[PDB]
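A quick write-up on the structure given underneath.
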Amino acid sequence: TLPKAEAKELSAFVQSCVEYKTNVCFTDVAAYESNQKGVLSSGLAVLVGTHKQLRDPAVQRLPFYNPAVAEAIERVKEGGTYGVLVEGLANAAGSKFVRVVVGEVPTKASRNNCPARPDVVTXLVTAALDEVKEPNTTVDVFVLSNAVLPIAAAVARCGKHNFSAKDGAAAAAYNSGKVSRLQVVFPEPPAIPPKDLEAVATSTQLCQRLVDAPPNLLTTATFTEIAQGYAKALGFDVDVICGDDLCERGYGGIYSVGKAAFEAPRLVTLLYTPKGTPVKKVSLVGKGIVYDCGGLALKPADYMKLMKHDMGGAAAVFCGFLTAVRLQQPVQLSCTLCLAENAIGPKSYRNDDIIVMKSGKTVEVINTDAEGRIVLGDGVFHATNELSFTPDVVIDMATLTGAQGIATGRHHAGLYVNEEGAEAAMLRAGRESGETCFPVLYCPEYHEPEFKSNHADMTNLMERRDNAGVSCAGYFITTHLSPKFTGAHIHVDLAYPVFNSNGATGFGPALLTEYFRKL
Amino acid sequence: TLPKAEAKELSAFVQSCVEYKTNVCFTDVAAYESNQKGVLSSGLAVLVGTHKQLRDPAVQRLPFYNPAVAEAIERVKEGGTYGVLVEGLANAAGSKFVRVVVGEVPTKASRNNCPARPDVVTXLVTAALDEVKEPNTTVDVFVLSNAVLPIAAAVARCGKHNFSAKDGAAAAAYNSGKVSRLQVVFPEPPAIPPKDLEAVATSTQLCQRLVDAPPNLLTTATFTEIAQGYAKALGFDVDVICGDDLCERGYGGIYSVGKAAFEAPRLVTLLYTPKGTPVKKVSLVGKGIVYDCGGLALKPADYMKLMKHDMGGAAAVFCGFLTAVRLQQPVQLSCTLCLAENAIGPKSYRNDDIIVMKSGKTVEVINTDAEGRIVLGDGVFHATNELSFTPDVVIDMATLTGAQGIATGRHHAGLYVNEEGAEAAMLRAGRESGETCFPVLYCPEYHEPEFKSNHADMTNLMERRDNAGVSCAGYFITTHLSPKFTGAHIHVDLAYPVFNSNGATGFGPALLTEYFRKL
Amino acid sequence: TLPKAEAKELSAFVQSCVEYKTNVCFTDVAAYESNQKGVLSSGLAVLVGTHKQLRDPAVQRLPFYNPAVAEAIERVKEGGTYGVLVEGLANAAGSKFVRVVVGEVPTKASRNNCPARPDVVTXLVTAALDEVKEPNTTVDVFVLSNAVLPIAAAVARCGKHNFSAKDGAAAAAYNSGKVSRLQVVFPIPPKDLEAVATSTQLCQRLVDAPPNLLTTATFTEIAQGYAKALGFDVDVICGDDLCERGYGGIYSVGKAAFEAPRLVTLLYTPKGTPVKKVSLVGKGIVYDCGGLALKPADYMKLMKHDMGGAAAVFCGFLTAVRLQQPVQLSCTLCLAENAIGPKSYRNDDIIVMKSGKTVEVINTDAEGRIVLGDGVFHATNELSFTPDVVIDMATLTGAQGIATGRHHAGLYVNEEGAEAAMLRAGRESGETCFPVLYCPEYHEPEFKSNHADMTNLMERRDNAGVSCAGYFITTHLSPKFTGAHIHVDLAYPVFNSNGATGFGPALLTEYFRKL
Ligand SMILES: CCCCC[C@H](CC(=O)NO)C(=O)N[C@H](C(=O)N1CCC[C@H]1CO)C(C)C
Ligand SMILES: CCCCC[C@H](CC(=O)NO)C(=O)N[C@H](C(=O)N1CCC[C@H]1CO)C(C)C
Ligand SMILES: CCCCC[C@H](CC(=O)NO)C(=O)N[C@H](C(=O)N1CCC[C@H]1CO)C(C)C
Ligand SMILES: [Mn+2]
Ligand SMILES: [Mn+2]
Ligand SMILES: [Mn+2]
Ligand SMILES: [Mn+2]
Ligand SMILES: [Mn+2]
Ligand SMILES: [Mn+2]
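Residue numbers (the deposited numbering), protein chains in the order written: chain D, 3 to 521; chain B, 3 to 521; chain F, 3 to 189, 194 to 521.
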């Protein structure tokens with residue numbers, strides 16, 4: 003039994019995540035010119051675009067423009083912002099001055115990046131919002147790109163985060179009182195509906211909120227309750243295998259990892275079937291390690307800092323699934339959340355233990371901190387073998403390896419994929435969404451020998467360290483796919499793209515939405 | 003309460019160890035020539051001996067010999083094998099070809115080694131069995147050494163291990179389906195009976211099985227049940243002091259170490275008295291740390307890999323005892339198993355705790371990972387003071403220190419002994435059995451000062467590292483001997499000889515059998 | 003400087019590398035059946051192929067086949083070998099028995115690998131040669147693949163290495179007396199395959215050799231020896247000349263060492279109209295001790311391999327000349343020892359690169375990119391022509407092994423077309439490759455420096471390390487250059503547990519072959 007006060011706090015936090023709606027609205031120049039009549043929404047306005055786009059004639063005719071803003075556009079450095087004051091410009095707050103902030107987006111974009119450069123867009127708007135005069139206002143963000151999806155996510159992930167514990171916000175279920183309503187204004191009427199872009203943005207910021215939150219708030223239990231809350235709200239099926247049931251029912255992997263912890267591990271599977279004929283049957287699986295302490299292979303304090311992020315794969319596939327339901331994307335989805343805390347205690351699984359996986363294959367544990375692949379190997383077997391349908395495509399997302407960062411870096415998720423066509427599709431989706439990706443070596447013939455075990459079918463870690471580590475971890479997961487399954491397997495290592503110096507990025511959901519969108 | 007499924011698995015595993023019988027039979031050339039009539043047992047046959055022995059005239063007259071095998075004997079490198087095919091040679095499996103594998107054993111053997119070189123014999127047979135055409139067959143291993151005991155153990159420890167979790171053998175109580183019946187064929191009828199050699203081989207492979215097994219199968223509890231199972235089977239007395247009873251009854255050492263763990267520590271004492279007059283009264287004590295995680299002095303993951311082996315001393319004295327009973331060796335034995343898990347948790351004994359040992363002397367714990375000597379100090383006090391007799395000789399066996407490997411290495415167990423005569427005897431037994439040993443410095447005057455404590459009688463670790471570490475650990479154990487005891491004390495550090503790159507070696511039992519045999 | 007005895011030894015070693023010719027010959031079943039008349043070349047014979055290929059009818063009709071070999075083919079495990087004795091089979095050595103060794107090659111091959119699986123082929127033949135009855139014989143290796151180039155290199159890199167110091171071979175200029183003549187028998195010209203094989207084994211020999219034999223000086227003398235032999239131009243900028251002439255990078259790195267650093271540029275122009283103008287640049291760190299950022303002893307073990315990029319581009323160039331490939335080639339070897347001493351470049355020093363840009367040294371052990379940045383500027387700016395393609399090869403980063411592994415070299419490439427071409431060449435040659443992220447917009451910020459143009463190392467460690475090192479090199483390209491840049495990180499593929507692999511030369515030969 004938890005203390006009564008802590009249960010009150012946790013309940014409040016669950017509700018805050020279930021009832022979270024975004025702070026971002028979307029419109030266009032013409033529709034703004036009619037709805038607002040040229041009156042600005044508050045004492046701040048932001049303008050963002052490429053060097054050439056800021057010098058387009060249409061910019062002059064915007065309602066905040068004046069000879070100062072024109073100079074600001076001259077003076078601004080690429081990648082940076084320039085602010086100016088304008089006196090007596092008509093505005094809803096009645097402020098004698100209005101602050102205009104220009105920001106220049108670069109046009110340079112390599113073949114493996116999103117040509118819109120939403121990464122910079124996010125930074126520019128974050129900078130501009132740092133000079134905010136009053137909180138709980140509405141800030142007009144005029145963008146000059148028409149790439150609506152990437153920008154929508156880029157602005158959603160920007161500025162101050164919706165999760166906060168500062169200045170007594172712990173008393174208000176950790177909802178930031180410092181967030182500004184943001185009204186994005188595209189040149190054209192969008193391409194995608196405003197009500198749709200708002201969903202994508204909500205999913206990005208919910209993913210962000212979950213990831214950000216500390217493990218004393220977001221436990222295996224509260225994450226499950228949140229999924230349940232959304233299941234009741236949007237009307238989809240939820241299946242939960244909790245604690246010792248996992249051992250009874252053959253799920254040795256997720257059980258062994260999570261059994262040490264105070265809050266029991268759970269395999270939470272969600273289900274959505276669209277009205278009409280689905281274009282593809284897709285199964286999602288997320289690594290949901292709510293805190294990776296390392297187990298008995300205890301991490302040193304420096305590497306254990308920010309391990310609340312180890313749930314980031316689960317939060318991605320979850321919020322990606324929530325968008326699909328809300329928009330009624332015509333994809334038949336399973337979403338399986340592998341929830342556990344890799345904890346240290348009397349009941350820790352051990353460096354030498356042998357696990358009997360739900361696949362039936364045995365795993366010699368060399369290192370308890372390689373927990374992610376074990377928990378996923380049960381997740382992917384569940385999806386390919388225990389569900390009411392066989393998927394065409396399996397997508398597993400996880401904050402799996404440090405090797406990821408060394409190979410593909412902080413902005414690109416690593417792809418271990420068994421088919422060129424599906425790799426290409428997910429890659430394309432990265433470029434379109436702005437939540438980019440890149441391939442790591444697919445070569446099972448060289449990965450398998452690294453897992454030779456004396457007494458088990460396989461180990462959970464490479465014999466040798468410097469031999470395609472992002473890939474070998476991916477291979478391990480594939481060995482626990484059902485032999486029923488013949489289709490396409492996409493493993494997504496997103497260890498670093500989930501976070502930056504300001505906290506979580508909400509990376510994952512938008513990438514999925516865009517991948518689904520083009521099947 | 004464990005999960006129902008895990009209890010079923012554990013029970014199955016207990017039974018598999020209790021009812022384990024060997025896969026090795028033994029006979030001689032003449033007896034084989036008459037029983038088999040020159041028909042080979044399967045599509046594989048192995049021939050092993052020294053350079054001179056392979057060129058003895060008697061080899062030609064063997065039933066698999068031909069002009070190819072004669073060339074194989076020329077071509078073979080010392081320490082290696084050479085395989086050849088022979089067409090239409092009569093055999094029980096009806097295979098068109100029979101594979102003959104020659105292996106050359108070296109004759110070089112230093113004063114501290116076994117002149118037969120069973121180490122190489124084990125390797126040669128392991129190599130030959132790697133080309134096995136069908137599992138569950140019978141392979142004829144023709145050896146040309148008459149040193150029957152060392153060869154018997156050497157073949158028992160060789161090839162694929164009886165413990166296995168591969169290819170669904172987890173469903174069959176972890177019994178390997180991949181093992182070959184091995185029929186050893188000596189030149190002469192063996193100096194020891196075949197029914198006796200089979201026991202020695204069974205003990206070696208049981209020891210092997212226990213050590214190999216992961217700590218999730220072999221717990222303090224299941225090990226105790228195994229001892230009990232054998233006690234009911236062979237009719238000897240078993241005494242168990244479990245969990246908190248240890249604290250109540252003054253056993254502070256073994257209690258403190260093991261109390262953190264999920265499964266409680268146990269001091270299991272076994273007793274055997276032969277029908278007539280015993281030649282000697284011997285007390286065995288084994289370090290039975292089922293997993294050494296280090297305690298609060300938590301081991302780094304690399305050094306914690308393979309710590310399921312830390313029980314290896316207990317498994318040695320246990321299986322050594324089982325052989326004595328089964329062969330009815332005329333030795334009066336006590337066998338005390340010091341079973342605990344050095345675990346990490348809320349209830350861990352601490353680096354600064356003071357233990358009150360069963361000896362009555364107080365121990366300041368400097369480092370919780372030096373758990374072995376504490377546990378043994380209670381074990382040896384129990385044997386020298388609480389039993390129905392006072393032993394003439396105390397033998398304690400343990401996987402005690404890393405220092406062992408630095409000093410005596412992977413093949414020789416370290417001996418800390420208080421009397422030259424007993425050191426000599428155990429050394430002799432090493433050379434005869436092939437489970438070899440070597441002395442480490444005995445010099446208590448220089449060991450004692452390393453354990454000076456401010457507030458306790460002693461510490462559990464040296465002030466200075468690099469002052470006869472194998473020995474100092476031995477000394478600690480001697481301080482907890484009863485003052486009643488005045489006989490011979492043999493401390494056996496077998497940290498490395500218990501294992502190799504293939505897993506456990508079953509080192510210990512045969513050394514004991516041979517030591518007992520020559521009192 | 004040196005003792006008279008050591009100079010004698012070094013000279014002998016130089017000559018051994020210059021006059022090295024391969025031990026491998028190539029032929030086919032029909033041509034062997036006619037030349038040899040069915041008499042085997044020695045008391046050993048080897049048979050290598052896939053599960054289905056070993057069961058093809060044509061195998062039966064081979065001159066060593068018998069009912070035992072047929073069982074050996076049954077008994078063999080995939081990836082392993084099985085040996086058998088055959089009595090009185092006709093053979094050149096007159097041995098009462100002949101040993102036949104079968105080896106089974108797998109057919110499983112992922113999209114990023116060579117379908118022939120020459121990796122396994124190499125292992126199989128190495129295993130079979132371990133049971134050799136007499137050295138200095140000729141062993142008949144019957145292969146059942148027709149993928150001639152990858153197999154030729156695979157057999158060249160296999161078995162006992164030509165460099166050896168065992169059993170007094172130090173007295174015979176470190177030439178192994180334990181090597182077998184290998185006659186490969188298939189079911194490209196033989197004189198051409200022999201060159202590719204010679205290049206693979208020369209690359210191997212250079213890499214294997216210890217840094218007390220292969221110094222910056224002896225490597226340069228070897229290049230000179232080959233320049234005199236095959237008639238091509240050689241340009242050498244030695245020691246302090248590098249400082250005088252603006253080459254701050256390669257000078258600073260190598261100036262601490264006993265033997266001075268050298269920028270050795272080689273030149274070849276084919277008789278007709280070249281299909282492309284290509285400039286090669288190799289990291290030639292003869293020993294990477296780390297400099298003042300001294301490596302720990304474990305990571306400094308096997309750092310004689312840090313020259314492996316140079317040995318690749320050098321031997322790749324030698325093949326091009328010998329076969330007269332119609333490519334106009336520059337080959338620039340960046341030779342230095344990253345040494346520790348009174349004159350070590352320092353962690354805080356600022357280098358003035360030949361490019362003109364300034365480099366703040368954060369860590370002296372990131373020596374490779376500095377040395378290469380001068381190499382690629384030399385090629386793109388100081389030569390008699392402007393290349394269409396720049397290929398730089400180096401044993402550059404440990405990150406490589408984490409990202410692409412032991413069998414695939416990492417590719418940082420600025421154009422999809424050239425990446426594709428080099429990738430294809432990998433799959434064909436068997437010296438495989440794989441891409442690492444190309445994204446300069448994210449790499450550049452990692453090199454921000456307070457007082458210099460750039461640093462030589464990332465601010466942050468976990469951010470596409472194989473790629474960032476590549477980017478550094480691109481900043482020192484000439485602005486004259488607008489063509490295709492291929493950076494090849496081959497840190498791990500150059501070696502395995504048996505020593506050097508001779509990885510690089512065959513990959514180039516095959517890339518050139520199709521341009
Ligand atoms: C020993 C295996 C531990 C598991 C892999 C972990 C990640 C993890 O625990 N996921 O649950 C990791 O990032 N490991 C890194 C790591 O082991 N590698 C792989 C090779 C070098 C280095 C990369 O940083 C470092 C940061 C600890
Ligand atoms: C403080 C630990 C005291 C117990 C010695 C332990 C062995 C142990 O845990 N036994 O249960 C050990 O690991 N010994 C080694 C060790 O601590 N030493 C002492 C100096 C070098 C080395 C000797 O092997 C390690 C490094 C493998
Ligand atoms: C810090 C500067 C390191 C310089 C580059 C070296 C390799 C080198 O010196 N080549 O000359 C490297 O990557 N070394 C590795 C290394 O430092 N890294 C970088 C990140 C983690 C780890 C392995 O990639 C290991 C092998 C020691
Ligand atoms: Mn993790
Ligand atoms: Mn982990
Ligand atoms: Mn221990
Ligand atoms: Mn210990
Ligand atoms: Mn280097
Ligand atoms: Mn270096």
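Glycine is no exception: its CB is placed at the ideal position from the N, C-alpha and C atoms.
Leaving out five residues before and five after residue i in sequence, what residues of the same chain have Cβ atoms less than 6 Å from its Cβ?
i	result
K135/D	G45
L208/F	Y22, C321
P191/B	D30
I243/F	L269
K363/D	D459
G381/B	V287, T338, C340
Check whether chain B comes within 8 Å of residue i, counting only Cβ atoms and requiring the distance to be less than that.
i	result
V86/F	yes
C249/D	yes
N456/D	yes
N469/D	no
Under the assumption that residue i contacts residue j (Cβ atoms under 8 Å), give the Cβ distance between them as a whole number of angstroms.
i	j	result
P65/D	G40/D	4 Å
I376/D	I397/D	About 19 Å separates the two Cβ atoms, so there is no contact after all.
Using a beta-carbon distance below 8 Å, is residue i in contact with chain D?
i	result
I243/F	no
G315/B	no
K180/B	no
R519/F	no
Between the Cα of residue i and those of the options, spot the shortest distance and give me the residue it belongs to.
i	options	result
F15/B	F188/B, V61/B, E227/B, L126/B	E227/B
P267/D	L12/D, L514/D, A223/D, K301/D	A223/D
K283/D	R466/D, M464/D, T109/D, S390/D	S390/D
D495/B	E421/B, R466/B, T401/B, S503/B	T401/B
Going along the chain, which residues of its own chain have a beta-carbon closer than 7 Å to the beta-carbon of residue i, five neighbours each way excluded?
i	result
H413/D	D121, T438, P499
Any Cβ of chain F within less than 8 Å of the Cβ of residue i?
i	result
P441/D	yes
Apart from the five residues on each side of it in sequence, which residues of its chain come closer than 8 Å, Cβ to Cβ, to residue i?
i	result
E35/D	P65
Positions along the segment 94-126 of chain F whose CB lies within less than 9 Å of some CB in chain B: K98, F99, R101
Contact set between the segment 346-364 of chain D and chain B, restricted to residues whose Cβ is under 9 Å from the partner: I346, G347, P348, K349, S350, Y351, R352, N353, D354, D355, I356, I357, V358, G362, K363, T364
Selection of the segment 394-409 of chain F by Cβ proximity to chain D, strictly under 7 Å: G404, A405, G407, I408, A409
Residues, ordered as in the chain, of the segment 7-20 of chain B that lie near chain D by beta-carbon distance below 9 Å: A7, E8, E11
Residues within the segment 408-441 of chain F neighbouring chain D, beta-carbon criterion of under 8 Å: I408, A409, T410, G411, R412, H413, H414, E422, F440, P441
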